[PDB]
Amino acid sequence: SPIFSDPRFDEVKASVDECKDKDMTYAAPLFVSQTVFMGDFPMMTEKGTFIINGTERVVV
Amino acid sequence: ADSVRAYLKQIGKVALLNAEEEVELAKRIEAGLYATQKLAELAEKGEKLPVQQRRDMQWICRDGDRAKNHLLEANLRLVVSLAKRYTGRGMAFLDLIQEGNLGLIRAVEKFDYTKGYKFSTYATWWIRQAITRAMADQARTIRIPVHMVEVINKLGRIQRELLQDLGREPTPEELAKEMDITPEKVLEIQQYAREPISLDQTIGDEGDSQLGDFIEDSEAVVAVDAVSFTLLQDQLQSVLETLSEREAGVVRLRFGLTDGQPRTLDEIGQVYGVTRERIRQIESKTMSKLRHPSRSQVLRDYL
Amino acid sequence: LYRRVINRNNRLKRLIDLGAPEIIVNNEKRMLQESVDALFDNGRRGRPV
Amino acid sequence: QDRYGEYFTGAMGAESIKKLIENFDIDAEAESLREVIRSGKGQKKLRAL
Amino acid sequence: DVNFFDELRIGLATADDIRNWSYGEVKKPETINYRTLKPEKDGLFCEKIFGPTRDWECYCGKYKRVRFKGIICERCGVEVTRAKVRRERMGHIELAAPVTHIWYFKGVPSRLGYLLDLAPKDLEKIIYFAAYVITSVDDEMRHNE
Amino acid sequence: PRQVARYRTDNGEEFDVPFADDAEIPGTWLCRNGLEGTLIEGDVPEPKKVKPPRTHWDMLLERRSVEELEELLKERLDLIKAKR
DNA sequence: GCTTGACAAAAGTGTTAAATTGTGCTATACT
DNA sequence: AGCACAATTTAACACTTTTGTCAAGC
Ligand SMILES: [Zn+2]
């Protein structure tokens, strides 16, 4: 900026256990004149891991 | 060194045209087509023309075609400037360009100098459409008619728009409502949109084996079955021996064991020279005889 | 790879029949030439498809 | 080509290479290459060798 | 399939050899119908050329049993034979313009370049439309004029 | 059961296409050559689609009336005459 | 041991109405 | 892109032939 500011992050969609069960990704949507939704944003568990499509991944 | 570099070095040699030149070439082209058609029509209608004038019209064609070629070679830059935007969408840059030139050719054939509009105005439409229409006909390994490529892109557009409004991927119901079609249709559509994957890819670690290696050939013969099947044919042969000579043949023909093609009651009755009902009666008795424990117990294992 | 070859080959017939300029036609033969090269030994000349 | 165009012929692409191979006497091109003389100690003969 | 052959020989495959091998020219860059998922006609996978998908079954189906083999269906143009032929039969593509075999052009040393005395950097400019080559010349007319 | 039909291509090559004895024999057959072939015996009844492919003349006639074209040609001819 | 005429279902065959599919086209100017 | 229009394929269907089946009978 200038070409966007104050991006938002809603509470997580589903719980870690609920994500691993339904095979979905642990993410929280983010937002950013016209308001824009940028997409579901993955989140890191307390164990320092991510749930990407129901599987527990770790970034090295 | 590089080919796309060469094509640009040649189109860049041609001199761009102003508004006045375009109309002159446009005129010469239309004069070339009518002159050529007039000479052909005069022979059909049994008419002649002044010698000197007739030879003048013939030259109008040579000058007309030079006008056509000259008009195209000047606006080749326009084709490229439009072809840059469609790269990386599954079509080589050159292929986009050549398809653009195809569209460009048509624009020249339909351009109208009397309207007074700059040529690039009307050529951009055809060149643009020529490229897009090409992608719908060639970009996909499994071709999809343009009307389906049309709706697929429309659905993705609604999806992307609905995605931006709701903040969540729209469900089939939401996506079907906004698109005024059945949710099952969007599903059927979403199956068509999927493109294939490369067998020559390497799913195994460090090129241990390509993906194609893991594909079963389910049609391949099964050794154990070809042997059991062979033993079944042999076992039925014996069972056929217990039946009547004619009765065994009826069973063969009815199921086509001998010639591999079954026969209707009439056809079977035609070879034995009796009614088609008589064959129906005979067959039923064969099955009863076949369901007898002595003859039938041996074949249960073959399921 | 065959698709790229048969596509460019067909487009060439189209251009030949359309009496198109030699720049466009020659540009097609060059494109056809490179498609067969890629079909046989892709990458042996220029960037691979 | 504008002048002298009727004295020669020229082309591009594989078809031109196809022509050069057409009018190509294999035996004639060999005998002139059979020259084990014409110096030869230099690579010029090896280039032909 | 005797399993005892004495020799094994190669050689440049001529256009005729290729045409003789093929069972028909593939005319379209199509694979299979996006709906039926069956091989498109005149294109790649065309049963009319490469072979049927099912044993002793033509494309349309007017011939299905093993009763008739070695014949061709007068509707879909599919020969009724084993589906394996789909792995032994080849097609071909008639080119609207000749093309150089990359193995003899870019293969170092240039087999064609050595065959006509054209440097590989010069020959590359010819077959890729970067320069003109003199194919013929009229010596008598050039000398008389 | 096998019917043996022979077709003739435009370039002069001939092909044998076995068919079933009972079924109809086509008049034209897509041959190994890649070209269409007409059968030698049996009469052809070849109903050519007869669709005339649209040409540049068709696209010009549908915008210029023959009079407008005639006037243009006079301009061009009156121009070539003047050049002499 | 076989055939008849009934009747039905099943398989075709010709005639029509969707639907699917392929092609053409869009004129501020745009190189 | 989107739509118009023509061409072609697919469906739909009515209708006829074919095929299997029951009963009663020679
Ligand atoms: Zn068939």
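One is the number of the first residue shown, and numbering goes on along the chain from there.
Cβ coordinates are placed from backbone N, Cα and C, and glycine is handled just like the others.
Annotation comment: Swiss-Prot describes E:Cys58, E:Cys60, E:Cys73, E:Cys76 as Zn(2+) 1 binding site, evidence class sequence analysis.
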Counting only other Cβ atoms and using a 10 Å cut-off, which of the binding-site residues E:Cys60, E:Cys73, E:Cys76 scores lowest?
-> E:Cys60
Taking the Cβ of E:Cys58 (Zn(2+) 1 binding site) as centre, how many other Cβ atoms lie within 10 Å?
-> 23
Any further residue of that chain within 8 Å (Cβ to the Cβ centroid of E:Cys58, E:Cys60, E:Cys73, E:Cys76) of the recorded Zn(2+) 1 site = E:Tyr59, E:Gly61, E:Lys62, E:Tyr63, E:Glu74, E:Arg75, E:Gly77, E:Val78
